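Here is the structure we will look at, set down as structure tokens.
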Amino acid sequence: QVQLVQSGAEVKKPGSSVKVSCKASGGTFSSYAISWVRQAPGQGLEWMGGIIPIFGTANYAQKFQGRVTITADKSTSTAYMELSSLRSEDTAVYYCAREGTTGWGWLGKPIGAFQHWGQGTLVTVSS
Amino acid sequence: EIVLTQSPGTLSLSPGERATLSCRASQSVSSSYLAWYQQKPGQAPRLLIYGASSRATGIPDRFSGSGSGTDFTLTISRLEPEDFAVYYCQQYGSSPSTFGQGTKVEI
Amino acid sequence: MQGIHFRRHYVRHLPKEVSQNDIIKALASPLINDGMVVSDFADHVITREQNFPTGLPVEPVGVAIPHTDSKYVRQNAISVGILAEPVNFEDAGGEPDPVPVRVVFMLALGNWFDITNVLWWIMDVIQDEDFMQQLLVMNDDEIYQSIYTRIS
């Protein structure tokens, strides 16, 4: 049982930047990988990157490397995704997703695959 | 990057039937790094399978995954009306994680 | 911890004169030689440790888990180092108090998505108070055999 509560929707102008947050609850925060996955309005899923909060640095997909910044606040159990230089292409629903644990409840090792998902944050880019 | 090509693109089945979905990889992915997802409209993806074969918590035995190397297959044994949705396959054996395009299961 | 490469030549007792940069460079040598990681692997582990520490103030023995970005690793592996006396590492939780580390688990992980699995395994290993206390006295082969069983 884990909840991932994301921030509200964003109406952005082209060229600006957006910071979406993911607030984790119901389990350990620092010991598990938190990923960020995107989905355009009528399209498929797309992995942007992720962060393991006990360790420092985020892992990025080469396409987003340069304008996506993923961080994790240990002191509030909140993960963030900041996408800069917003194009019209970037109009999509942004999910934060946390890996599962191989077992019931809070028990067992991590599985890697994203068992828990946020409600989704819709970002639209238009002048 | 590793491209995942799913097949079929769309599949119309009547309830109670067996749906067989495929996920072809551009390269060999070790069986331990492939997952299957279910996504209904206006919702987040739901994890079905994670170890290519292993089931996520609370997922029925109607869903079953299988495969190795390049070819992987998701099998829904007995289709209920709740099962008709989009299904994705995922590789997380190397960075970055890539998804399939999705197979829409219809009525 | 599936397919993690681990040999007898990945276990070392470092002398009493060493600093943390000496520990990192020491533990990387057997990995670099076998071709598990790039040649400048030690540098990136030292660089990351400064900004993002890996010190775990666990009782009774402090533990370090130094590593770097997965792009610098080719084939997965792990290198264990035992220290003659405490070496100070910065806390990975962000506390100002230092961690007196004696056991170092250098991680060379190629896949980022299985980092949490190796971490979970370490947490389970360092929870066993009896085994951790034995690591301080056992020799290179005795440590290999004990750890190799724990991986399988």
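Chains as they are written, first to last, in the entry's author numbering: chain H, 1 to 52, 52A, 53 to 82, 82A to 82C, 83 to 100, 100A to 100J, 101 to 113; chain B, 1 to 27, 27A, 28 to 106; chain X, 9 to 160. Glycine included, C-beta positions come from ideal geometry on N, C-alpha and C.
Under 9 Å by beta carbon: chain B residues contacting residue i
{"i": "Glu-10 of chain H", "result": "Under the 9 Å cutoff, chain B gives no residues; its nearest Cβ is about 18 Å from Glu-10 of chain H."}
{"i": "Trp-100 of chain H", "result": "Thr-56"}
{"i": "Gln-142 of chain X", "result": "Residues of chain B passing the Cβ test: none, with the nearest at roughly 31 Å."}
Residue i at chain H interface by Cβ criterion, 8 Å
{"i": "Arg-82 of chain X", "result": "no"}
{"i": "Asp-77 of chain X", "result": "yes"}
{"i": "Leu-127 of chain X", "result": "yes"}
{"i": "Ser-65 of chain B", "result": "no"}
{"i": "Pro-59 of chain B", "result": "no"}
{"i": "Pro-40 of chain B", "result": "no"}
{"i": "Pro-95 of chain B", "result": "yes"}
Chain-ordered chain H contacts of residue i [CB-CB under 8 Å]
{"i": "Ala-100 of chain X", "result": "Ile-53 and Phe-54"}
{"i": "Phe-60 of chain X", "result": "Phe-54, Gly-55 and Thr-56"}
{"i": "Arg-56 of chain X", "result": "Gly-55 and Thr-56"}
Interface residues of chain X facing residue i [CB-CB closer than 9 Å]
{"i": "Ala-60 of chain H", "result": "Result: empty, since nearest Cβ-Cβ is about 11 Å, beyond 9 Å."}
{"i": "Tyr-32 of chain B", "result": "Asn-119, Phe-121 and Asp-122"}
{"i": "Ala-33 of chain H", "result": "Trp-120, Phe-121, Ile-123 and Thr-124"}
{"i": "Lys-73 of chain H", "result": "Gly-101 and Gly-102"}
Buried/exposed call for residue i, threshold 16 Cβ in 10 Å
{"i": "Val-53 of chain X", "result": "buried"}
{"i": "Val-145 of chain X", "result": "exposed"}
{"i": "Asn-119 of chain X", "result": "buried"}
{"i": "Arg-38 of chain H", "result": "buried"}
{"i": "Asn-147 of chain X", "result": "exposed"}
{"i": "residue 118 of chain H", "result": "The structure shown does not extend to residue 118 of chain H, since chain H is modelled only from 1 to 113, so the question has no answer here."}
{"i": "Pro-52A of chain H", "result": "buried"}
{"i": "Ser-96 of chain B", "result": "buried"}
{"i": "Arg-15 of chain X", "result": "exposed"}
{"i": "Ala-92 of chain X", "result": "exposed"}
{"i": "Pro-74 of chain X", "result": "buried"}
{"i": "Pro-14 of chain H", "result": "exposed"}
{"i": "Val-3 of chain B", "result": "exposed"}
Straight-line Cα distance separating residue j from residue i
{"i": "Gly-100A of chain H", "j": "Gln-101 of chain H", "result": "12 Å"}
{"i": "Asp-70 of chain B", "j": "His-13 of chain X", "result": "27 Å"}
{"i": "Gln-64 of chain H", "j": "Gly-49 of chain H", "result": "9 Å"}
{"i": "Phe-60 of chain X", "j": "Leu-4 of chain H", "result": "25 Å"}
{"i": "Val-88 of chain X", "j": "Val-28 of chain B", "result": "29 Å"}
{"i": "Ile-32 of chain X", "j": "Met-114 of chain X", "result": "8 Å"}
{"i": "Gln-42 of chain B", "j": "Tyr-59 of chain H", "result": "25 Å"}
{"i": "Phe-83 of chain B", "j": "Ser-7 of chain B", "result": "16 Å"}
{"i": "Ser-14 of chain B", "j": "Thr-76 of chain X", "result": "51 Å"}
{"i": "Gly-96 of chain H", "j": "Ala-100I of chain H", "result": "6 Å"}
{"i": "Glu-10 of chain H", "j": "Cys-92 of chain H", "result": "15 Å"}
{"i": "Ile-123 of chain X", "j": "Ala-33 of chain H", "result": "9 Å"}
{"i": "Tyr-91 of chain B", "j": "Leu-33 of chain B", "result": "6 Å"}
{"i": "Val-46 of chain X", "j": "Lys-39 of chain B", "result": "44 Å"}
{"i": "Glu-105 of chain B", "j": "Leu-11 of chain B", "result": "6 Å"}
{"i": "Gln-43 of chain H", "j": "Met-80 of chain H", "result": "20 Å"}
{"i": "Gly-27 of chain H", "j": "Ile-130 of chain X", "result": "19 Å"}
{"i": "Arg-82 of chain X", "j": "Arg-66 of chain H", "result": "26 Å"}
{"i": "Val-69 of chain X", "j": "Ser-67 of chain B", "result": "42 Å"}
{"i": "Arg-77 of chain B", "j": "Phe-62 of chain B", "result": "9 Å"}
Any non-hydrogen atom of the ligand FMN within 7 Å of residue i CB
{"i": "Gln-37 of chain B", "result": "Ligands are entirely absent from the displayed structure, and the ligand FMN is therefore not among its contents."}
Contacts that residue i makes with chain H (C-beta to C-beta distance below 9 Å)
{"i": "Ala-51 of chain B", "result": "Under the 9 Å cutoff, chain H gives no residues; its nearest Cβ is about 10 Å from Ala-51 of chain B."}
Within chain B, partners of residue i - CB distance below 8 Å
{"i": "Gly-106 of chain H", "result": "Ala-43"}
{"i": "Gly-96 of chain H", "result": "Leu-46, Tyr-49, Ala-55 and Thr-56"}
Contact belief for residue i with residue j at Cβ below 8 Å, rounded distance in angstroms
{"i": "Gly-63 of chain X", "j": "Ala-72 of chain X", "result": "6 Å"}
{"i": "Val-95 of chain X", "j": "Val-111 of chain X", "result": "The pair is not a contact, with the Cβ atoms about 11 Å apart (cut-off 8 Å)."}
{"i": "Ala-78 of chain H", "j": "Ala-24 of chain H", "result": "7 Å"}
{"i": "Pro-44 of chain B", "j": "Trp-103 of chain H", "result": "6 Å"}
{"i": "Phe-97 of chain X", "j": "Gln-28 of chain X", "result": "6 Å"}
{"i": "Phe-29 of chain H", "j": "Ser-84 of chain H", "result": "Rounded, the Cβ-Cβ distance is 34 Å, inconsistent with contact."}
{"i": "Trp-35 of chain B", "j": "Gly-64 of chain B", "result": "6 Å"}
Within chain B, the residues that residue i reaches when beta carbons sit closer than 7 Å
{"i": "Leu-45 of chain H", "result": "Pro-44, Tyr-87 and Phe-98"}
Cross-chain neighbours of residue i in chain X, by beta carbon under 8 Å
{"i": "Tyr-36 of chain B", "result": "Under the 8 Å cutoff, chain X gives no residues; its nearest Cβ is about 15 Å from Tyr-36 of chain B."}
{"i": "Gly-68 of chain B", "result": "Here the premise fails: no neighbours, minimum Cβ distance about 15 Å."}
Beta carbon proximity, residue i to chain X, threshold 8 Å
{"i": "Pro-41 of chain H", "result": "no"}
{"i": "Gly-27 of chain H", "result": "no"}
{"i": "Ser-26 of chain B", "result": "no"}
{"i": "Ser-22 of chain B", "result": "no"}
{"i": "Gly-9 of chain B", "result": "no"}
{"i": "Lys-19 of chain H", "result": "no"}
Beta carbon proximity, residue i to chain B, threshold 8 Å
{"i": "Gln-28 of chain X", "result": "no"}
{"i": "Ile-69 of chain H", "result": "no"}
{"i": "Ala-100I of chain H", "result": "yes"}
{"i": "residue 172 of chain X", "result": "Summary: the structure shown does not reach residue 172 of chain X, with chain X confined to residues 9 through 160, and so no result is reported for it."}
{"i": "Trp-36 of chain H", "result": "no"}
{"i": "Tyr-91 of chain H", "result": "yes"}
Chain X contact residues for residue i, given Cβ-Cβ distances below 7 Å
{"i": "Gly-65 of chain H", "result": "Ordered by position in chain X, no residue passes the 7 Å Cβ test against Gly-65 of chain H, which lies about 15 Å from the chain."}
{"i": "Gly-92 of chain B", "result": "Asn-119"}
{"i": "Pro-100F of chain H", "result": "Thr-124, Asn-125 and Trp-128"}
Under 7 Å by beta carbon: chain H residues contacting residue i
{"i": "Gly-101 of chain B", "result": "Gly-44"}
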